[PDB]
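Engineer: Structure in C-alpha coordinates, see below.
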Amino acid sequence: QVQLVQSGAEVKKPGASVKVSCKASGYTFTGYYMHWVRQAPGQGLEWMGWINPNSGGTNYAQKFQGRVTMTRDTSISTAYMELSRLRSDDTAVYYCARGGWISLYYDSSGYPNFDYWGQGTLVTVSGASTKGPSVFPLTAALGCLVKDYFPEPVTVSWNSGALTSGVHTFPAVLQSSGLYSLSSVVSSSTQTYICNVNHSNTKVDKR
Amino acid sequence: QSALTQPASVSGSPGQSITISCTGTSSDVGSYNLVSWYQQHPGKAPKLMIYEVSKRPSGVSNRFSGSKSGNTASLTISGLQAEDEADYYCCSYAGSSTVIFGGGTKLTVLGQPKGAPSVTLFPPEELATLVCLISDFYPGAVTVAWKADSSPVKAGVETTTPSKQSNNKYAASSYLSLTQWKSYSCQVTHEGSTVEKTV
(Lines give C-alpha, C1' and ligand atoms only; values in the text may rest on other atoms or scores of the structure.)
Protein backbone atom coordinates (compact mmCIF):
# COMPACT_ATOMS: atom_id res chain seq x y z
CA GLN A 1 0.00 0.00 0.00
CA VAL A 2 1.24 3.45 -1.00
CA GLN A 3 2.37 5.69 1.86
CA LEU A 4 3.68 9.24 1.68
CA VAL A 5 5.16 10.35 5.00
CA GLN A 6 6.22 13.96 5.51
CA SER A 7 8.50 15.61 8.06
CA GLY A 8 7.23 17.38 11.17
CA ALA A 9 5.95 20.93 11.61
CA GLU A 10 8.40 23.80 11.14
CA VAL A 11 8.68 27.21 12.81
CA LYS A 12 10.60 29.91 10.95
CA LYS A 13 11.38 33.62 10.86
CA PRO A 14 11.01 35.77 7.70
CA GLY A 15 14.02 35.58 5.37
CA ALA A 16 14.88 32.05 6.51
CA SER A 17 14.45 28.73 4.68
CA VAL A 18 12.47 25.54 5.24
CA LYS A 19 13.10 22.10 3.77
CA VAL A 20 10.31 19.55 3.87
CA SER A 21 10.87 15.84 3.24
CA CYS A 22 8.48 13.34 1.67
CA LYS A 23 9.37 9.68 2.08
CA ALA A 24 7.59 7.35 -0.32
CA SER A 25 6.86 3.65 0.19
CA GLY A 26 4.70 0.91 -1.29
CA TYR A 27 5.61 1.59 -4.92
CA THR A 28 8.55 2.34 -7.22
CA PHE A 29 9.58 5.91 -6.30
CA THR A 30 11.27 6.63 -9.63
CA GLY A 31 8.23 5.64 -11.66
CA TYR A 32 5.87 8.52 -10.81
CA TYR A 33 5.92 12.30 -10.72
CA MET A 34 5.91 13.87 -7.29
CA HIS A 35 3.97 17.11 -6.89
CA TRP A 36 3.93 19.74 -4.19
CA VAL A 37 0.74 21.56 -3.23
CA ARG A 38 0.38 24.08 -0.41
CA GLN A 39 -2.61 25.45 1.46
CA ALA A 40 -2.62 28.61 3.56
CA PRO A 41 -5.00 28.59 6.55
CA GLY A 42 -8.61 28.90 5.40
CA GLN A 43 -7.40 29.32 1.83
CA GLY A 44 -7.32 27.14 -1.27
CA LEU A 45 -4.90 24.56 -2.62
CA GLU A 46 -1.98 26.02 -4.53
CA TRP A 47 0.18 24.00 -6.91
CA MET A 48 3.92 24.59 -6.48
CA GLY A 49 5.52 22.27 -9.02
CA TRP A 50 6.66 18.71 -9.76
CA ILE A 51 9.83 16.63 -9.87
CA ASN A 52 10.89 13.60 -11.87
CA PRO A 53 12.45 11.42 -9.16
CA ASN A 54 14.06 9.23 -11.81
CA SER A 55 15.85 12.12 -13.56
CA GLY A 56 15.77 14.95 -11.04
CA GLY A 57 13.93 17.14 -13.55
CA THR A 58 11.62 19.84 -12.16
CA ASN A 59 9.35 22.66 -13.34
CA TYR A 60 7.83 24.83 -10.54
CA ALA A 61 4.93 27.26 -10.71
CA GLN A 62 5.79 30.76 -11.94
CA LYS A 63 4.95 32.21 -8.53
CA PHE A 64 7.70 30.21 -6.81
CA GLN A 65 10.28 30.25 -9.61
CA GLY A 66 13.52 31.51 -8.06
CA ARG A 67 12.57 30.64 -4.47
CA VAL A 68 11.83 26.92 -4.55
CA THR A 69 13.98 23.87 -5.10
CA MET A 70 12.72 20.32 -5.46
CA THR A 71 15.25 17.54 -5.06
CA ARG A 72 15.23 13.80 -4.48
CA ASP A 73 17.27 10.98 -2.97
CA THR A 74 16.41 7.74 -4.75
CA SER A 75 18.45 5.55 -2.39
CA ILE A 76 15.99 6.32 0.39
CA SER A 77 12.95 7.07 -1.80
CA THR A 78 12.66 10.62 -0.45
CA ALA A 79 11.72 13.87 -2.19
CA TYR A 80 12.52 17.34 -0.84
CA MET A 81 11.03 20.82 -1.17
CA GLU A 82 13.04 23.81 0.03
CA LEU A 83 11.45 27.25 0.14
CA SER A 84 13.77 30.23 0.67
CA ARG A 85 13.40 33.85 1.79
CA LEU A 86 10.21 33.05 3.69
CA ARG A 87 7.44 35.60 4.17
CA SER A 88 4.43 35.64 6.49
CA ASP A 89 2.17 34.48 3.65
CA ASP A 90 4.29 31.38 3.01
CA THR A 91 2.63 30.06 6.16
CA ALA A 92 0.72 26.97 5.03
CA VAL A 93 0.38 23.21 5.10
CA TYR A 94 2.70 21.73 2.48
CA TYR A 95 1.66 18.49 0.79
CA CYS A 96 3.59 16.09 -1.36
CA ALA A 97 1.44 14.01 -3.67
CA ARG A 98 2.00 11.26 -6.22
CA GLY A 99 1.06 12.31 -9.73
CA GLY A 100 1.08 10.45 -13.04
CA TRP A 101 3.18 7.51 -14.17
CA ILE A 102 6.41 8.76 -15.77
CA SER A 103 6.58 8.05 -19.48
CA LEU A 104 9.05 8.72 -22.17
CA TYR A 105 6.81 9.40 -25.25
CA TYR A 106 4.21 11.28 -23.20
CA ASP A 107 4.60 14.25 -20.89
CA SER A 108 2.34 13.28 -18.01
CA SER A 109 3.87 15.68 -15.53
CA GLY A 110 0.84 17.96 -15.84
CA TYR A 111 -1.79 15.31 -15.11
CA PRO A 112 -3.80 16.57 -12.11
CA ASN A 113 -4.35 13.04 -10.87
CA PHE A 114 -3.10 12.90 -7.31
CA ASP A 115 -4.03 9.45 -6.03
CA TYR A 116 -1.87 9.49 -2.90
CA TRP A 117 -1.02 12.35 -0.53
CA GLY A 118 1.42 13.00 2.31
CA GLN A 119 -0.12 13.87 5.67
CA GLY A 120 1.04 17.45 5.17
CA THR A 121 3.70 19.55 6.88
CA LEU A 122 2.74 22.78 8.63
CA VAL A 123 5.31 25.55 8.52
CA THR A 124 4.40 28.76 10.34
CA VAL A 125 6.25 31.93 9.34
CA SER A 126 6.18 34.90 11.70
CA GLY A 127 8.49 37.83 12.38
CA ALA A 128 6.27 39.24 15.10
CA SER A 129 7.44 39.59 18.69
CA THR A 130 5.43 39.59 21.94
CA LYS A 131 3.23 42.71 22.22
CA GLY A 132 0.47 43.69 24.62
CA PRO A 133 -2.95 44.66 23.21
CA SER A 134 -4.76 48.03 23.10
CA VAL A 135 -8.41 47.89 24.32
CA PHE A 136 -11.19 50.20 23.00
CA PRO A 137 -15.00 50.41 23.55
CA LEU A 138 -17.59 49.86 20.79
CA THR A 139 -32.10 45.75 21.46
CA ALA A 140 -28.78 47.40 22.29
CA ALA A 141 -25.38 46.20 21.07
CA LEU A 142 -22.14 46.68 23.00
CA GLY A 143 -18.55 45.49 22.99
CA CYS A 144 -14.86 46.38 23.09
CA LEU A 145 -12.27 46.42 20.27
CA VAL A 146 -8.77 45.11 21.05
CA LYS A 147 -6.07 46.05 18.49
CA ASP A 148 -2.56 44.71 17.70
CA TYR A 149 -1.57 41.97 20.16
CA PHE A 150 0.64 38.84 20.06
CA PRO A 151 0.46 35.93 20.52
CA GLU A 152 -2.60 33.77 21.06
CA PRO A 153 -4.56 33.43 23.19
CA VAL A 154 -6.34 36.19 25.10
CA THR A 155 -9.10 35.71 27.63
CA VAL A 156 -11.76 38.38 27.81
CA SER A 157 -14.49 38.69 30.44
CA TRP A 158 -17.20 41.22 31.27
CA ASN A 159 -17.82 42.60 34.76
CA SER A 160 -15.10 40.30 36.08
CA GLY A 161 -16.99 37.15 35.11
CA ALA A 162 -20.59 38.06 35.98
CA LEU A 163 -22.15 38.25 32.47
CA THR A 164 -22.57 35.39 29.96
CA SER A 165 -25.96 35.66 28.20
CA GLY A 166 -25.78 37.22 24.74
CA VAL A 167 -22.02 37.56 25.14
CA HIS A 168 -19.97 36.90 21.99
CA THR A 169 -16.17 36.95 21.74
CA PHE A 170 -14.99 36.88 18.14
CA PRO A 171 -11.98 34.88 16.88
CA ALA A 172 -8.86 36.92 16.26
CA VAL A 173 -7.93 38.20 12.82
CA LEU A 174 -4.35 37.77 11.69
CA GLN A 175 -3.07 40.88 10.01
CA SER A 176 -0.32 41.21 7.42
CA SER A 177 1.83 42.68 10.19
CA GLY A 178 1.86 39.42 12.13
CA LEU A 179 -0.49 40.79 14.78
CA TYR A 180 -3.93 39.74 16.05
CA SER A 181 -7.15 41.70 16.64
CA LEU A 182 -10.54 40.63 18.03
CA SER A 183 -13.77 42.04 19.40
CA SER A 184 -16.04 40.85 22.17
CA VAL A 185 -19.69 41.86 22.15
CA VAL A 186 -22.67 41.29 24.45
CA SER A 187 -29.89 50.37 25.85
CA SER A 188 -32.61 49.99 28.49
CA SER A 189 -30.03 50.71 31.11
CA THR A 190 -28.17 52.41 35.18
CA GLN A 191 -25.36 49.97 34.47
CA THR A 192 -21.59 49.63 34.59
CA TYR A 193 -20.09 47.28 32.01
CA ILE A 194 -16.38 46.49 32.06
CA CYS A 195 -14.72 44.09 29.67
CA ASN A 196 -11.91 42.42 31.58
CA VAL A 197 -9.12 41.26 29.35
CA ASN A 198 -6.24 38.84 30.10
CA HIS A 199 -3.08 38.04 28.08
CA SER A 200 2.44 39.95 27.88
CA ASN A 201 1.18 39.91 31.48
CA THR A 202 -1.70 42.13 30.39
CA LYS A 203 -4.77 42.79 32.51
CA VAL A 204 -6.92 45.70 31.46
CA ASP A 205 -10.51 46.83 32.28
CA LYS A 206 -12.75 48.88 29.93
CA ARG A 207 -16.32 50.16 29.47
CA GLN B 1 -1.63 31.12 -12.46
CA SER B 2 -5.19 32.43 -12.36
CA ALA B 3 -7.20 29.83 -10.44
CA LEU B 4 -10.19 28.03 -11.94
CA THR B 5 -13.48 29.69 -10.97
CA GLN B 6 -15.64 27.78 -8.48
CA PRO B 7 -18.62 28.88 -6.37
CA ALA B 8 -17.49 29.90 -2.88
CA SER B 9 -20.29 27.86 -1.34
CA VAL B 10 -23.03 25.39 -2.25
CA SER B 11 -25.73 23.98 0.02
CA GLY B 12 -28.17 21.08 -0.14
CA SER B 13 -30.62 18.95 1.84
CA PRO B 14 -30.08 15.22 2.49
CA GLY B 15 -31.14 13.07 -0.47
CA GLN B 16 -30.81 15.93 -2.95
CA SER B 17 -28.48 16.29 -5.90
CA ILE B 18 -25.90 19.08 -5.82
CA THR B 19 -23.70 20.44 -8.61
CA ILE B 20 -20.38 22.28 -8.24
CA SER B 21 -19.06 24.17 -11.26
CA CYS B 22 -15.46 24.80 -12.29
CA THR B 23 -14.93 27.41 -14.97
CA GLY B 24 -11.59 27.71 -16.73
CA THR B 25 -10.44 28.87 -20.17
CA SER B 26 -10.27 27.31 -23.63
CA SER B 27 -6.59 26.69 -23.01
CA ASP B 28 -7.11 24.22 -20.13
CA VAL B 29 -10.66 23.12 -19.24
CA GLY B 30 -12.01 22.82 -22.78
CA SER B 31 -8.78 21.83 -24.44
CA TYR B 32 -8.40 18.65 -22.40
CA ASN B 33 -10.37 16.04 -20.51
CA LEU B 34 -7.81 16.41 -17.72
CA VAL B 35 -10.06 17.75 -14.96
CA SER B 36 -9.96 16.31 -11.42
CA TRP B 37 -12.08 16.86 -8.32
CA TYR B 38 -10.82 16.67 -4.76
CA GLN B 39 -12.68 16.32 -1.49
CA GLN B 40 -11.08 17.80 1.60
CA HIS B 41 -12.31 17.39 5.16
CA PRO B 42 -10.77 19.83 7.68
CA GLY B 43 -7.34 18.74 8.95
CA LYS B 44 -6.95 16.04 6.30
CA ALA B 45 -5.29 15.76 2.90
CA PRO B 46 -7.38 16.22 -0.24
CA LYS B 47 -8.80 13.04 -1.81
CA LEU B 48 -9.24 12.27 -5.52
CA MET B 49 -12.97 11.76 -6.18
CA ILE B 50 -13.13 12.25 -9.95
CA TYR B 51 -10.42 12.27 -12.60
CA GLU B 52 -10.33 12.78 -16.37
CA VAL B 53 -13.63 14.73 -16.14
CA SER B 54 -15.91 11.78 -15.32
CA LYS B 55 -13.93 8.73 -14.19
CA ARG B 56 -14.10 7.32 -10.65
CA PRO B 57 -11.25 5.77 -8.69
CA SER B 58 -12.26 2.45 -7.15
CA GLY B 59 -13.50 2.96 -3.60
CA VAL B 60 -15.26 6.20 -4.45
CA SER B 61 -19.05 6.13 -4.08
CA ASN B 62 -21.11 6.11 -7.29
CA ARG B 63 -23.06 9.10 -5.95
CA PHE B 64 -20.19 11.23 -7.28
CA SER B 65 -20.11 11.93 -11.02
CA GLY B 66 -18.54 14.55 -13.24
CA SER B 67 -19.28 16.24 -16.53
CA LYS B 68 -17.90 19.00 -18.74
CA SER B 69 -19.46 21.44 -21.19
CA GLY B 70 -17.28 24.00 -22.94
CA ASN B 71 -14.86 25.62 -20.51
CA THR B 72 -16.90 24.54 -17.49
CA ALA B 73 -16.57 21.24 -15.63
CA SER B 74 -19.11 20.07 -13.08
CA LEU B 75 -19.11 17.80 -10.05
CA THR B 76 -22.49 16.28 -9.21
CA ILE B 77 -23.27 14.62 -5.89
CA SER B 78 -26.50 12.61 -5.64
CA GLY B 79 -28.30 11.38 -2.53
CA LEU B 80 -26.49 13.89 -0.32
CA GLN B 81 -25.27 12.70 3.07
CA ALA B 82 -23.99 14.62 6.10
CA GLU B 83 -20.49 13.30 5.56
CA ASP B 84 -20.34 14.70 2.05
CA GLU B 85 -19.95 18.05 3.78
CA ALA B 86 -16.43 19.28 2.96
CA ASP B 87 -14.38 21.56 0.74
CA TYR B 88 -14.15 20.64 -2.92
CA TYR B 89 -11.45 21.61 -5.38
CA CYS B 90 -11.43 21.23 -9.13
CA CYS B 91 -8.03 20.87 -10.76
CA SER B 92 -6.94 20.87 -14.39
CA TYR B 93 -3.95 20.53 -16.64
CA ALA B 94 -3.05 24.11 -17.51
CA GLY B 95 -0.82 23.51 -20.52
CA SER B 96 2.99 23.67 -20.66
CA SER B 97 3.49 20.92 -18.05
CA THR B 98 1.78 22.89 -15.28
CA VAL B 99 -1.23 22.33 -13.08
CA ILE B 100 -3.86 24.77 -11.79
CA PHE B 101 -6.43 24.43 -8.99
CA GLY B 102 -9.87 25.97 -8.65
CA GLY B 103 -10.46 28.35 -5.76
CA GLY B 104 -12.53 25.86 -3.79
CA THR B 105 -16.16 25.26 -2.88
CA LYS B 106 -17.63 24.70 0.56
CA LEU B 107 -20.37 22.10 0.42
CA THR B 108 -22.78 22.40 3.33
CA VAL B 109 -25.38 19.71 4.01
CA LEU B 110 -28.16 21.59 5.77
CA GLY B 111 -29.02 20.40 9.27
CA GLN B 112 -30.88 23.65 9.89
CA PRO B 113 -32.59 26.27 7.69
CA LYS B 114 -30.27 28.92 6.24
CA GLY B 115 -30.23 31.93 8.56
CA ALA B 116 -29.23 35.59 8.65
CA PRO B 117 -26.14 36.99 8.74
CA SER B 118 -26.66 39.61 11.39
CA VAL B 119 -24.26 42.46 10.75
CA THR B 120 -23.00 44.97 13.28
CA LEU B 121 -20.93 47.79 11.87
CA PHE B 122 -18.91 49.90 14.25
CA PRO B 123 -17.38 53.16 13.15
CA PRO B 124 -14.93 53.51 16.04
CA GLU B 125 -10.40 57.15 22.21
CA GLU B 126 -8.71 56.20 18.96
CA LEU B 127 -9.44 59.44 17.10
CA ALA B 128 -8.88 54.77 12.37
CA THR B 129 -10.44 51.31 12.26
CA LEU B 130 -13.87 50.35 10.95
CA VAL B 131 -15.18 47.03 12.25
CA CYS B 132 -17.70 44.79 10.52
CA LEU B 133 -19.02 42.11 12.85
CA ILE B 134 -20.79 39.14 11.30
CA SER B 135 -22.66 36.52 13.33
CA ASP B 136 -25.30 33.76 13.40
CA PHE B 137 -25.10 32.87 9.72
CA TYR B 138 -25.64 29.50 8.10
CA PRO B 139 -24.20 28.11 5.89
CA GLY B 140 -20.74 29.24 7.01
CA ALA B 141 -19.67 31.31 4.02
CA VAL B 142 -19.76 35.07 3.42
CA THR B 143 -17.90 37.63 1.37
CA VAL B 144 -17.30 41.19 2.57
CA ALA B 145 -17.25 44.42 0.58
CA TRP B 146 -16.33 47.85 1.95
CA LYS B 147 -17.60 51.21 0.71
CA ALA B 148 -16.41 54.75 1.33
CA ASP B 149 -19.59 56.71 0.69
CA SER B 150 -20.85 55.05 -2.49
CA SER B 151 -17.46 54.03 -3.88
CA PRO B 152 -15.56 50.76 -3.20
CA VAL B 153 -12.46 50.32 -1.06
CA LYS B 154 -10.45 47.08 -1.14
CA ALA B 155 -7.15 48.29 0.38
CA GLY B 156 -6.26 47.76 4.04
CA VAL B 157 -8.78 44.97 4.64
CA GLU B 158 -8.37 41.96 6.93
CA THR B 159 -11.13 39.36 7.25
CA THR B 160 -11.30 36.20 9.38
CA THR B 161 -12.23 32.75 8.17
CA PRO B 162 -15.72 31.82 9.34
CA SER B 163 -15.75 30.15 12.72
CA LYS B 164 -18.39 27.92 14.21
CA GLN B 165 -20.59 29.10 17.07
CA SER B 166 -22.13 26.66 19.58
CA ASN B 167 -25.48 26.75 17.74
CA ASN B 168 -23.88 25.32 14.56
CA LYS B 169 -24.04 28.78 13.01
CA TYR B 170 -21.01 30.81 12.04
CA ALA B 171 -19.29 34.03 13.07
CA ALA B 172 -16.73 36.19 11.29
CA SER B 173 -15.20 39.66 11.32
CA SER B 174 -13.79 42.08 8.76
CA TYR B 175 -11.52 44.99 9.65
CA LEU B 176 -11.05 48.23 7.74
CA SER B 177 -8.00 50.14 8.98
CA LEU B 178 -7.98 53.79 7.93
CA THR B 179 -6.57 57.29 8.43
CA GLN B 180 -10.41 60.00 5.18
CA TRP B 181 -12.82 58.73 7.83
CA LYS B 182 -13.87 62.38 8.31
CA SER B 183 -20.69 57.85 5.36
CA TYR B 184 -19.28 54.33 5.41
CA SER B 185 -20.92 51.04 4.62
CA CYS B 186 -20.10 47.40 5.15
CA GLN B 187 -21.63 45.02 2.64
CA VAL B 188 -21.83 41.34 3.49
CA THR B 189 -23.43 39.00 0.96
CA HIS B 190 -24.58 35.54 2.00
CA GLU B 191 -26.00 32.95 -0.41
CA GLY B 192 -26.22 35.56 -3.16
CA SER B 193 -28.11 37.88 -0.81
CA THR B 194 -26.50 41.09 0.44
CA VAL B 195 -26.87 42.56 3.92
CA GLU B 196 -25.85 46.18 4.27
CA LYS B 197 -24.88 48.36 7.19
CA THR B 198 -24.10 52.07 6.93
CA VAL B 199 -22.46 54.61 9.26
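The way I read the labels, and the way they are meant: chains A, B, ... in the order of the C-alpha coordinates, residue 1 as the first residue of every chain, and ligand 1 as the first ligand shown, with later ones counted on from there.
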Using only C-alpha atoms and a cut-off of 6 Å, which residues of chain B sit close to chain A? Please list them as a list in words.
Structural biologist: residues 48, 92, 93, 97, 98, 99, 103, 104, 160 and 161 of chain B
Engineer: Residues near residue 157 in chain A, anyone? I mean within 10 Å using only C-alpha atoms, not counting same-chain ones fewer than 6 positions away, as a PyMOL selection string.
Structural biologist: chain A and resi 163-164+167+169+184+194-198+205
Engineer: Mind writing the picked residues with N, CA and C atoms as a CSV table (one decimal), in the first residue's frame?
Structural biologist:
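Output below, filename selection-v3.csv:
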chain,number,residue,atom,x,y,z
A,163,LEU,N,-21.2,38.3,33.6
A,163,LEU,CA,-22.2,38.3,32.5
A,163,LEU,C,-21.8,37.2,31.4
A,164,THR,N,-22.8,36.4,31.0
A,164,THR,CA,-22.6,35.4,30.0
A,164,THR,C,-23.6,35.4,28.8
A,167,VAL,N,-23.4,37.2,25.3
A,167,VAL,CA,-22.0,37.6,25.1
A,167,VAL,C,-21.4,36.8,24.0
A,169,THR,N,-17.6,36.6,22.0
A,169,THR,CA,-16.2,37.0,21.7
A,169,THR,C,-15.7,36.4,20.4
A,184,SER,N,-15.1,41.6,21.4
A,184,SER,CA,-16.0,40.8,22.2
A,184,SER,C,-17.3,41.7,22.3
A,194,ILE,N,-17.8,46.5,32.3
A,194,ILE,CA,-16.4,46.5,32.1
A,194,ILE,C,-16.0,45.2,31.3
A,195,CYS,N,-15.2,45.3,30.3
A,195,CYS,CA,-14.7,44.1,29.7
A,195,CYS,C,-13.3,43.9,30.2
A,196,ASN,N,-13.2,42.7,30.9
A,196,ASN,CA,-11.9,42.4,31.6
A,196,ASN,C,-11.1,41.5,30.7
A,197,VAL,N,-9.9,41.9,30.4
A,197,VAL,CA,-9.1,41.3,29.3
A,197,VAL,C,-7.8,40.7,29.9
A,198,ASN,N,-7.5,39.5,29.6
A,198,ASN,CA,-6.2,38.8,30.1
A,198,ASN,C,-5.4,38.2,29.0
A,205,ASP,N,-9.1,46.7,32.1
A,205,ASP,CA,-10.5,46.8,32.3
A,205,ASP,C,-11.1,48.0,31.5
Engineer: Under the rule that only C-alpha atoms are counted, which of A:162, A:76, A:179, A:20 is the nearest residue to residue 133 in chain A?
Structural biologist: A:179
Engineer: Can you work out the spacing between CA of residue 122 in chain A and CA of residue 12 in chain A in Å, to one decimal?
Structural biologist: 10.9 Å
Engineer: Just the residues within 10 Å of residue 163 in chain B, please, counting only C-alpha atoms, with nothing from its chain fewer than 5 positions along; format it as a list in words.
Structural biologist: residues 170 and 171 of chain A; 135, 140, 141, 168, 169, 170, 171, 172 and 173 of chain B
Engineer: Please indicate the distance in Å from CA of residue 20 in chain B to CA of residue 5 in chain B, rounded to one decimal place.
Structural biologist: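 These two atoms are separated by 10.5 Å.
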Engineer: Counting only C-alpha atoms, which of B:183, B:62, B:27, B:9 gets nearest to residue 108 in chain B?
Structural biologist: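 Among B:183, B:62, B:27, B:9, it is B:9 that comes nearest to residue 108 in chain B.
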Engineer: One number please: CA of residue 47 in chain B to CA of residue 8 in chain B, in Å, one decimal.
Structural biologist: 19.0 Å
Engineer: Rank nothing, just name the residue among A:193, A:178, A:140, A:130 nearest to residue 158 in chain A, using only C-alpha atoms.
Structural biologist: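 When distances to residue 158 in chain A are compared using only C-alpha atoms, the smallest one comes from A:193.
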Engineer: Point out the residue among B:112, B:58, B:143, B:78 with the least atom-to-atom distance to residue 18 in chain B, counting only C-alpha atoms.
Structural biologist: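 Closest residue, counting only C-alpha atoms: B:78.
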Engineer: Please list as a ChimeraX atom specification every residue within 6 Å of residue 86 in chain A, counting only C-alpha atoms and excluding residues in the same chain fewer than 2 positions away.
Structural biologist: /A:14-16,84
Engineer: Kindly indicate which residue among A:148, A:121, A:22, A:77 lies nearest to residue 44 in chain B, using only C-alpha atoms for the distances.
Structural biologist: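 The closest residue to residue 44 in chain B is A:121.
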Engineer: Using only C-alpha atoms, pick whichever of B:124, B:13, B:56, B:45 has the shortest atom-to-atom distance to residue 144 in chain A.
Structural biologist: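 Closest to residue 144 in chain A of all the choices is B:124.
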